[PDB]
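As structure tokens, the structure follows; a few thoughts come after it.
As a convention, Cβ positions derive from the backbone with ideal geometry for all residues, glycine included, and neighbour counts pool all protein chains shown. Read-outs throughout are calculated quantities, based only on the coordinates presented, and are distinct from any laboratory measurement.
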Amino acid sequence: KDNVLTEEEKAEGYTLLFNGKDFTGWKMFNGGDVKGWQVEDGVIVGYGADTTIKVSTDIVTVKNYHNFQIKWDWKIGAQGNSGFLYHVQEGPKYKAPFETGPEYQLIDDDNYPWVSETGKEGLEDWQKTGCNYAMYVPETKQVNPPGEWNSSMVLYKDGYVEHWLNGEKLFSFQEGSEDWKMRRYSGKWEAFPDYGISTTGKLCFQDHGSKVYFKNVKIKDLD
Amino acid sequence: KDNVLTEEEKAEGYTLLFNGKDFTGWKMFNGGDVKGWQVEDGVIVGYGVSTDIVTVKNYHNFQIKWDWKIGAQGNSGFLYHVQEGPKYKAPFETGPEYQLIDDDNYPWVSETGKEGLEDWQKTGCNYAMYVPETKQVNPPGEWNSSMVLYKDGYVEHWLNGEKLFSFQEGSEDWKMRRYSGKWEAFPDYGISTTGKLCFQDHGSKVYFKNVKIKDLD
């Protein structure tokens, strides 16, 4: 059942973005073949040397995408921080995919060790799972705790974006909109002038904390 | 019939916030008698420290409608739930603002050297919080009508009969805008849900009339 298209998914035009067995279709951000992640038991596992050099361990698609609809299943560890990013650009100008590609946050909402300015522990709600990081936050959502599987989906079609989680539409927005522009250009991206620099780019899974697990990664390449 | 309640308006609970004659019911922000403003032909006229005007009365829930006009390059506003006191230099530090500004001819220059306001700094915005997707504004020297409703944190902005947007204070979206946006230097912004109503003028003439208020439950 895992990593297999249903007849209805094939009918809708989904194909496997992860084949269940290896990293065919994937590469390291700013790198070559995938390392520091493994396929184990039909699951992509991210682990997050006579060497001290530290480079991005995030994985990106080889293929560039414009419009798409992607579904995936995911599991994090306690205190995990991962994410799905889209329209990511690579190059020596960048150290990380978040500098260019918008992020669907995958994080330990309740127990990620973030201590605020004032000495208050805990992520703010706009930094939690299913948010379009530093742009949009759901009013309500349902997330299974760390160690349990979750299902997510992102649709992008000519700037129209939807975030879904565990069967529910969290929100949608339009990149063209006045509201989007306000959030983009007066929110938190001063240091990242290339954030959303392009509506075409790579798709990406990140690991910045603990182990993370992905499977059932199915994609509709849209017109 | 400017500055006169219709029988219907009285029946639905509106009263005059401006009487058409003088500044009864108003004071200077952090001050006493109104100065820097004049009543001219039944119109509140601002000439543009804070020299803004605030209601003597505090409001929690309310619905206010008003007519306004600005001079060229005008930068004015309606603000609500304003707090006063020595700790505050200006009404914007506490009360959200419905912007009244010369959208197209305001000589502000950005950090890159481009002149002019971005759309989220223009008329009808809830300053630094919300922006309309579409609106209809009559240009400087012409009259406009506006309305703001506040009901237990639910807010609407209207301009010339159109609902620009609504929002809910304390929603996740509102909290994100409030604490990720531009207010770190203003910790009391938008915290109190009761306070004064306010007109401000930060440049050029502004004109207000037909200022009618419902004091809601």
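Listing for the model above:
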quantity: Peptides A:189-199, B:76-86 ordered by average Cβ neighbours within 10 Å, highest first; calculated: B:76-86, A:189-199
quantity: Cα-centred dipole magnitude for chain B, charges only on beta-carbon of K, R (+1) and D, E (-1), debye, nearest 20; calculated: 440 debye
quantity: Cα convex hull volume per residue for the range B:60-217 (Å³); calculated: 120 Å³
quantity: Shielding score for A:135-142, defined as the mean number of other chain Cβ atoms within 10 Å; calculated: 3
quantity: Förster radius 60 Å - calculated FRET efficiency between B:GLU111 and B:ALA11 (Cβ-Cβ, nearest 0.05); calculated: 0.70
quantity: Average beta-carbon neighbours from other chains, 10 Å sphere, peptide B:175-182; calculated: 5
quantity: Mean residue ellipticity (222 nm) of chain B, computed from DSSP H runs ≥ 4 via -39,500 (n - 2.57), nearest 500; calculated: -2000 deg cm²/dmol
quantity: Under 15 Å from the Cα of A:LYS181 - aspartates and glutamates, other chains or at least 8 residues apart; calculated: A:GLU190, A:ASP194, B:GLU118, B:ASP119, B:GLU133
quantity: Distance from the range B:38-69 to the range A:100-172 (C-alpha centre basis), Å; calculated: 42 Å
quantity: Distance cut-off 42 Å, percentage of C-alpha pairs in the protein assembly as shown lying past it; calculated: 30 percent
quantity: Test item: B:117-124 mean partner chain Cβ contacts at 10 Å; calculated: 2
quantity: Partner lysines for A:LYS120 [C-alpha distance under 22 Å; skip if fewer than 8 residues away on the same chain]; calculated: A:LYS128, A:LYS188, B:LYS175, B:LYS182
